[PDB]
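In: To kick things off, part of the complex as it is:
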Amino acid sequence: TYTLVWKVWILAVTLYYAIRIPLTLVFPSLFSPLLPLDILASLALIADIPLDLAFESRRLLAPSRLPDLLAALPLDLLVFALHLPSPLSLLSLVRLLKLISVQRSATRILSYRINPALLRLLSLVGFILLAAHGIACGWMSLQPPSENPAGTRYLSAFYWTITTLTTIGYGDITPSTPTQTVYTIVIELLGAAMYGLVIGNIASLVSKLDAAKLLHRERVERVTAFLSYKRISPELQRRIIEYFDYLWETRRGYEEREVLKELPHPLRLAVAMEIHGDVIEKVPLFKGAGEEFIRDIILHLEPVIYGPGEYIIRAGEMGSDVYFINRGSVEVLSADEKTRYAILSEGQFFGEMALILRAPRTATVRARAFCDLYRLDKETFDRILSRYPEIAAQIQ
Amino acid sequence: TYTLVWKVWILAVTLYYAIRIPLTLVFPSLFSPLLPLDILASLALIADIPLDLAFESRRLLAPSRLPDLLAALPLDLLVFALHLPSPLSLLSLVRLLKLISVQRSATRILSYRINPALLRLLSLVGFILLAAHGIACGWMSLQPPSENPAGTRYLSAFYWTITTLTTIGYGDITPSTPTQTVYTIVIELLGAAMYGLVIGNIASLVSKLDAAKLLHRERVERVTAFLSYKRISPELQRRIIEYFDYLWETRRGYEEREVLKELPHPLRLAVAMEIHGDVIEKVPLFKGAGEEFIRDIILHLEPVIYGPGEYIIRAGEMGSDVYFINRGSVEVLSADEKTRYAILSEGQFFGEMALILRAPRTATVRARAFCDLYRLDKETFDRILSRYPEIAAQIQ
Amino acid sequence: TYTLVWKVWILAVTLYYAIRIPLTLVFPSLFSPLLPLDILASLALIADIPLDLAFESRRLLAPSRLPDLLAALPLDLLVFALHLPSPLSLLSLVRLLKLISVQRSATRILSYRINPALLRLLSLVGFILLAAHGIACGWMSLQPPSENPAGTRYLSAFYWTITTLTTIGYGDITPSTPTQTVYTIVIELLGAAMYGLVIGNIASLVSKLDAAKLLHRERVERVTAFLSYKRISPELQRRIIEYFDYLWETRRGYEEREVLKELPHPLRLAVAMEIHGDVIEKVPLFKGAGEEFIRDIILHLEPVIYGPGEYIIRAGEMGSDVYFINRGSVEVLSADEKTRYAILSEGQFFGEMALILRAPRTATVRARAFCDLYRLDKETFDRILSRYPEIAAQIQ
């Protein structure tokens, strides 16, 4: 927590040089009442690399280290103190190689807090404005010298380098000399490239913007276009469509057994233990068993979703499996579907007299709303029951 | 159904303010014979938030609620009644924060009726025109004052703010003062950003436009480029290609067992019951069985597709499985493939003397057109037959 | 084959109207020595709809039929014969609704011959040029009338409507009147929209251009970045990389068992019969078996790929499975890897004394180049051998 303020300070220092250096190459009337900030920022840039090594790499010559090395040394201040000429002063731009280090720091200190496409887009907008400043300083540099206030002759140059980079091109102020025209051609290429990069990053940002909502929309029309071929009845097709509308608006389209298959075994055990915690210590058949038994029955529960009105259990069937209610409600009717016995709710269960006995179903269990209930098969229970002899004697 | 007309009314009210307010900031000669519409619309905006709470959230200070709160209060009408000056009148634009609420309402009331990329594109076109109006009003505001009809001095400003935002840039009318030039730079940035967003949304809209037809086109060339490596004969390769052309033009490329695996168990049971309804109550071996038997044989049927001329059953083979015709036709030939016994059609079946007996095939069953027929294996039938003793005695 | 020439004729007729009608709205000095082509093309458009019904739909009021219906009737020729004025002549553009029918015909008569993105891009380029003609005619229409040759006053208008639609915007010739300026604003919107559609279709065309070569490139770096974490030796890692280079440059990256799983059972049987045809009728253990036996052993062969130098069979091992060579070569060495017994090639086999006997390996079988050989497990052979009693007696 005390290296992040140092990274913010280094970002401020390099942003300071990025605004100041091409502005003082044009005007040498600056730098003279402003040298102490150069002193402070140069000491900061030369002292960052020991703190770049220690407390940053443990917790000096590399192909991914030398921009910071070339940015560290005071290659500037010699130019502005000794009045080096125009084709030789330009090496004071070597401090601008520091921005690669700040890019590479910012693309990992907050890379998973925010979207990687959005971070790249914001970094590109920052570099484009910060480069439009330098291009405006260059255009202001190679103008014919005339008496003009230093605000207005910068304002026209910045207006020109925004008109050229965004490819609008009013053409109200144009090149005159050939040495202006070569500079104009090369920044037309750079402006078209930057605007292509911006359109590419926005196209990569809004393409993946709705993927969960588009994948579900494709999966819901694949089933519909298939069942229209099979000449299905429209009522059942409407029931399937309202099932998918439920499954989108509750758990966002994702199937249960394919989400918690991407967890390892102890975390999947922990999630299933947290889910079926207030349910499994209620049945009067698993009481008195060990903790070894509950962890093995709790990993073989299978989720199903019954719509409103679906017959879970018909009276008079064979019947094999027990059902644990998790979210919805359900009702229990008689064999003639008239006399309501009772109503069940979440945290309860039904069908427990099927794991131990070969009796046929004794009632009709109809769903009321969407249920989201789990089930346990008789074969799976007796398969993982064969290795526990004490409960194998308990159920007999 | 009576809240949707209220949402349409609120959209009309906020669109009314979005057109009117920057137009009356430039011309104070309006608002005076037009105050009653302000009264009606302000009452509507201040009375929407009780109906935003009740009958909308049940069926007041939140980070996703405060734009509607700041849009609700009559922060306007005080400016236009008391003649507040130019840098202070601009807070009458706070009503324009209402558009966030209308965006968030419209992106969920009709989000699955239409395409989410198309909805975002239409909303962006709406916001771009509705913002081009305000930018034209701003450009018309900071002009040098001269006698000019109020239609033409708006028409040139709207022509300018469309020439700048779409990045054409004729340059026939340009900035003159510095305070115009700063405004021109900032809306050049906004225009390049909006046009990047439009190109990005169109690129995300037409990329996923043919996905079902492109996925099948990739799957049909992956098989062809693989079988060209194996040095396959061109006749069988042409038969595979016409198989995939059939499977595209009938059920749109999708495989049967991977479409109805994305349904839950009761809906998959209901779909299979609707498909094999007029077929399974015709065989003279499953008649007299229970409803528990039919629901378990109907879930283990496996679809296959035979091309025109494919040998389904050769006379003299071992033979294990029964076949149920669903869509196409098929013919039955003798052992020498000469004397046609009969012809079968949809709704019928063949091979029923293989589930119960160890006799060899008694004829040759050749397909005629594309068949789309289901089959049932003998091992699967006898596996799910072992738990039903009465039909296990019936077949003996 | 004789309806395609009629579709080409209808495309020529509607392209004729699309070039001619806005050009003759500006110049009424045409149409008079050119009426017979109108007669022929109008008869063609009114006679296409019986051939649109018969021999096209079997092999009259619908929401996808009425553009052809409105294009069929001679709503034109009345305007140009009776000299209808300017705001009323424009309904002669209703013939231009025929292009929807030609679009919908061309997007299905050759939809799978070529790429669906490329077809949409070419159709959009056609519509953009064909609309730039009409927009040029409109700009030429609402000019101030002056004596000027009819080639040059069209050439400047077409130059303007290409400068505006491609968003270059030289600005050398501009609007003058307000009624020109409104037309300029609306086609600036249309030009920005069309150029957004072109960039979107090119971005959707070149994104999926290399998918087979990019998917393999991702799969080859996922394995490398994983095995670099496990601290693997660089020699084996180089051998894995040259394996993937082989598997790209021969069968284009695709795995064998996931390509021919997307075929149905009879076509998969036919492909496996064509592959293992000149191989399986060579072993002296399957000779004398039936055709029922070969079709069941041929569906359980499993492909493996051995690199140059990989030990297939080590002398002295347990050994269970037989190997069928398909593409590469292999060599057979002794127990001390010195005395070469023989060399094998494609179409041959080795390890046949493992299906019938519990003897240990008798030699060392080293690969020489990449082999691409199939294998058959002993358990699978004896599992599908248990149901054939005669070969079960033959092998004993």
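Out: In hand now; what should we look at? Numbers count the residues shown, from 1 in each chain, chains lettered A, B, ... in the order given.
In: Give the burial count for the residue nearest to residue A:365 when sequence neighbours are not counted, as a bare number.
Out: Distances taken as Cβ to Cβ, 6 or more residues apart in numbering or on different chains place residue A:313 nearest to residue A:365, at 3.9 Å, with adjacent residues excluded. C-beta here means a position set from N, CA and C on the backbone, and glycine is covered the same way. A count of neighbours around residue A:313, defined by other Cβ atoms under 10 Å in any protein chain shown, yields 21.
In: residues in contact with residue A:313?
Out: Going by Cβ atoms under 8 Å, 6 or more residues apart in numbering or on different chains, residue A:313 touches A:319, A:323, A:350, A:351, A:361, A:363, A:364, A:365.
In: Just among those residues, which is most surrounded?
Out: Top of those by neighbour count (other Cβ under 10 Å): residue A:323, with 23 neighbours.
In: Give the next helix or strand downstream of the host helix or strand of that residue.
Out: Element membership for residue A:323 (DSSP states H and E) is strand A:322-324. Later in the chain than strand A:322-324, the nearest helix or strand by DSSP H and E is strand A:330-333.
In: list the buried ones in that next one?
Out: A:330, A:332, A:333 (16 or more other Cβ atoms under 10 Å in any protein chain shown).
In: My read is that the first one contacts residue A:371, right?
Out: Yes - counting by Cβ atoms under 8 Å, residue A:371 is a contact partner of residue A:330 at 5.9 Å.
In: Quick one: the helices in the stretch 51-200 of chain A, in order.
Out: Assigned by DSSP state H, counting those that start in this stretch, the helices in the stretch 51-200 of chain A fall at A:66-72, A:78-82, A:86-89, A:98-109, A:116-141, A:152-165, A:178-207.
In: Mean neighbour count and distance to chain C added to those, as CSV?
Out: Shown next, in CSV, are the helices of the stretch 51-200 of chain A (neighbours: other Cβ atoms under 10 Å in any protein chain shown; distance: least, Cβ to the nearest Cβ, whole Å):
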stretch, mean neighbour count, distance to chain C
helix A:66-72, 17, 24
helix A:78-82, 14, 41
helix A:86-89, 11, 35
helix A:98-109, 16, 17
helix A:116-141, 17, 15
helix A:152-165, 20, 12
helix A:178-207, 16, 6
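In: These into a markdown table, with extra columns for distance to residue B:391?
Out: Shown next, in a markdown table, are these (distance: least, Cβ to Cβ, whole Å):
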| stretch | distance to residue B:391 |
| --- | --- |
| helix A:66-72 | 80 |
| helix A:78-82 | 99 |
| helix A:86-89 | 98 |
| helix A:98-109 | 67 |
| helix A:116-141 | 61 |
| helix A:152-165 | 81 |
| helix A:178-207 | 56 |
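In: before we move on, the earlier item: mind picking the two most distant members of the contacts of residue A:313?
Out: Pairwise distances across the contacts of residue A:313 peak at 13.6 Å for A:323 and A:364 (criterion: Cβ to Cβ).
In: quick one, what contacts residue A:74?
Out: A:42, A:46.
In: State the distance from it to residue A:43.
Out: 9 Å (Cβ to Cβ, to the nearest Å).
In: Over to residue A:220?
Out: Where residue A:43 is concerned, residue A:220 sits at a distance of 62 Å (Cβ to Cβ).
In: Please say which of those two ends up with more neighbours.
Out: residue A:220 (20 against 12).
In: Show me the residue at the heart of chain A, geometrically.
Out: Among the residues of chain A, the one closest to the centroid is residue A:115, at 4.9 Å (Cα atoms, centre = their mean).
In: who's in contact with the spatially closest residue to that one that is not a sequence neighbour?
Out: Closest residue to residue A:115 in three dimensions, ignoring its sequence neighbours and counting by Cβ to Cβ, 6+ apart: residue A:205, at 7.6 Å. Neighbouring residues of residue A:205 by Cβ under 8 Å, 6+ apart: A:115, A:117, A:118, A:121, B:200.
In: got it, and residue A:260?
Out: A:268, A:271, A:272.
In: The first one falls within a strand, correct?
Out: Right, residue A:268. No - secondary structure of residue A:268 (DSSP: H, G, I helix; E, B strand; the rest coil): helix, not part of a strand.
In: mind adding chain D? sequence follows:
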Amino acid sequence: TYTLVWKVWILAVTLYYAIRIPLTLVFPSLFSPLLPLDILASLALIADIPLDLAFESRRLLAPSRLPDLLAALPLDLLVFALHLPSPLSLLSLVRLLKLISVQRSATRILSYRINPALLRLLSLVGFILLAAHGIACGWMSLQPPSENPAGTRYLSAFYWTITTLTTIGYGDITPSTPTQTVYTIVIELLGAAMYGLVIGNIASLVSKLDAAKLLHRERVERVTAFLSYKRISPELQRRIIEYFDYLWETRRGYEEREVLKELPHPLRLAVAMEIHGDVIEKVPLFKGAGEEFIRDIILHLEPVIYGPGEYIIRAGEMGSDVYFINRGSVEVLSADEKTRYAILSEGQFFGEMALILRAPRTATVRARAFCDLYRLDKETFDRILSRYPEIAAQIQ
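Out: Okay, chain D now, added to the rest:
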């Protein structure tokens, strides 16, 4: 290694013609003191096609060969020696068809060293600059003839053809004649097309730029948005999130059993042998077994990842499986979780008294950091142990 220098020489020769030929069509005052380079380069182009056949195709009339054939012959030098006129000289551009051969050579000699989208983008930038030269030569050609230095009248033409292709369009220098205007329209179309191709390739380049980091970011929010529906506790949810942060920052998001399933059987055996090499020759139960035994136990090990504090083995449980530590550390506690017995590290193992015996767990094994350990089930060990009788007698 000595054909790559020849390909570089041919690329240099065709780049030489691509710069020189349209520049000498405008100025016939060249070519005369510069013919010997034409002689050398023409001999190179006519002698490349024998080395294109031999040592390139083995290691003459084809639809993918004839551009090189038409580029080979000296169709030039006759024009510049005999002073052919303007509409007939243009066939000297046929040498420019050589660039297709260089494109097709470069798109395969270094196609998997670098990114296929990046290669296409760099090739398009090369072709766009190399075509902007020729378009500038054409614009310079059809100018009104006036005395002007040959550097400046080229510099304005290149400035114009960069202003038009990047769609900026200052409009400072414009067409004058109609024959200039037709050329301007056709290169406006070409410039809009090229800039659409550049934006499309950048949009296809930066879309797939972070796929491994975006796929993991989607998989980590799918689990979180699902477990928020199940009303899970925030502490376990934080533990799941830090698990996924570990699994990203170590092995880049990929699951173990789905990476080395995309290898064939001998390479998967070799990778597992390299991983479990310094581990399996340490247990005092597998010592004295054969090499046939180790290769079969080493293919059935299953990876699991325990977080810091997860109970691997609880004292008093049933217990079945043995665990092999690979990367992390683990600690062994007593039944009351107080007295630390020992600490284990990588290369070691625990739980070996579970494969042979039906005793219950004798301690508590808690993880300390992230472990990355493999396990072997008792049922799998005894299943692959049943076919080896000597170790089946050794364990008793």
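In: try the buried residues of strand A:330-333 again now we have chain D.
Out: So for strand A:330-333, counting by 16+ other Cβ under 10 Å, buried means A:330, A:332, A:333.
In: any idea which of those is the one closest to residue B:233?
Out: Looking across the buried residues of strand A:330-333 and measuring by Cβ to Cβ, the closest to residue B:233 is residue A:330, at 59.2 Å.
In: unless I'm mixing things up, the closest one is touching residue A:363, no?
Out: No - under the criterion of Cβ under 8 Å, residue A:330 makes no contact with residue A:363, lying 11.4 Å away.
In: Next, work out how far apart residue A:240 and chain D are.
Out: 21 Å (Cβ to the nearest Cβ, to the nearest Å).
In: cool, residue A:362 as well?
Out: 32 Å.
In: Could you report the neighbour count for the nearest residue in space to that residue that is not next to it in sequence?
Out: Of all residues not flanking residue A:362 in the chain, residue A:315 sits nearest, at 6.7 Å (Cβ to Cβ, 6+ apart). Per other Cβ under 10 Å, the neighbour tally for residue A:315 reads 18.
In: element containing residue A:315?
Out: Applying DSSP H and E, one finds residue A:315 in no helix or strand.
In: That one against residue A:341, yeah?
Out: No - at 10.9 Å, residue A:315 and residue A:341 do not qualify as touching, with contact defined as Cβ under 8 Å.
In: so what sits against both of these two?
Out: A:334, A:363.
In: and residue A:224, what is it in contact with?
Out: Contacts of residue A:224 by Cβ under 8 Å, 6+ apart are A:237, A:240, A:241.
In: Surely it forms part of a helix?
Out: Yes - according to three-state DSSP, residue A:224 belongs to a helix.
In: distance of it from chain C?
Out: On the measure of Cβ to the nearest Cβ, residue A:224 and chain C end up 20 Å apart.
In: Look up how far residue D:235 lies from that residue.
Out: Counting by Cβ to Cβ, the gap from residue A:224 to residue D:235 is 42 Å.
In: Near the closest residue to residue A:168 other than its chain neighbours, how many residues? Count them for me, please.
Out: Distances taken as Cβ to Cβ, 6+ apart place residue B:169 nearest to residue A:168, at 3.7 Å, with adjacent residues excluded. If you count neighbours by other Cβ under 10 Å, residue B:169 ends up with 29.
In: Can you name the residues that contact residue B:169?
Out: Going by Cβ under 8 Å, 6+ apart, the list of residues near residue B:169 reads A:163, A:168, A:169, A:170, A:171, B:163, C:169, C:171, D:169.
In: quick one, phi/psi of it?
Out: phi 70, psi 70 (degrees, to the nearest 10).
In: that older thread, show me what contacts the residue nearest to residue A:362?
Out: A:334, A:335, A:361, A:362, A:363, A:364.
In: go with 10 Å
Out: Taking Cβ atoms under 10 Å, 6 or more residues apart in numbering or on different chains, we find residue A:315 in contact with A:332, A:333, A:334, A:335, A:336, A:337, A:360, A:361, A:362, A:363, A:364, A:365.
In: So which of those are in helices?
Out: Among these, no residue falls in helices (DSSP state H).
In: If we only consider these, which is nearest to residue A:215?
Out: Closest to residue A:215, out of all of the contacts of residue A:315 and judged by Cβ to Cβ, is residue A:365, at 33.8 Å.
In: I'd say the closest one and residue A:329 touch.
Out: No - counting by Cβ atoms under 10 Å, residue A:365 stays clear of residue A:329, with 11.6 Å between them.
In: what touches both of these two?
Out: With Cβ under 10 Å, 6+ apart, residue A:365 and residue A:329 have common neighbours residue A:344.
In: got the CA coordinates for the helix or strand hosting residue A:214 in PDB?
Out: Taking DSSP H and E as the definition, residue A:214 sits inside helix A:212-227. Output in PDB follows, covering the C-alpha atoms of helix A:212-227 (Å, rounded to 0.1, in the frame of the first residue of the first chain):
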ATOM      1  CA  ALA A 212     -23.900 -13.900 -21.700                       C
ATOM      2  CA  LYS A 213     -27.100 -12.300 -23.000                       C
ATOM      3  CA  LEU A 214     -26.300 -13.200 -26.600                       C
ATOM      4  CA  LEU A 215     -25.200 -16.800 -26.000                       C
ATOM      5  CA  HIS A 216     -28.500 -17.500 -24.200                       C
ATOM      6  CA  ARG A 217     -30.400 -15.800 -27.000                       C
ATOM      7  CA  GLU A 218     -28.700 -18.100 -29.500                       C
ATOM      8  CA  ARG A 219     -29.400 -21.200 -27.400                       C
ATOM      9  CA  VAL A 220     -33.100 -20.300 -27.000                       C
ATOM     10  CA  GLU A 221     -33.600 -19.900 -30.800                       C
ATOM     11  CA  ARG A 222     -31.600 -23.000 -31.700                       C
ATOM     12  CA  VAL A 223     -34.100 -25.100 -29.600                       C
ATOM     13  CA  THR A 224     -37.100 -23.200 -31.100                       C
ATOM     14  CA  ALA A 225     -36.000 -23.500 -34.700                       C
ATOM     15  CA  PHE A 226     -35.400 -27.200 -34.100                       C
ATOM     16  CA  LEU A 227     -38.700 -27.900 -32.500                       C
END
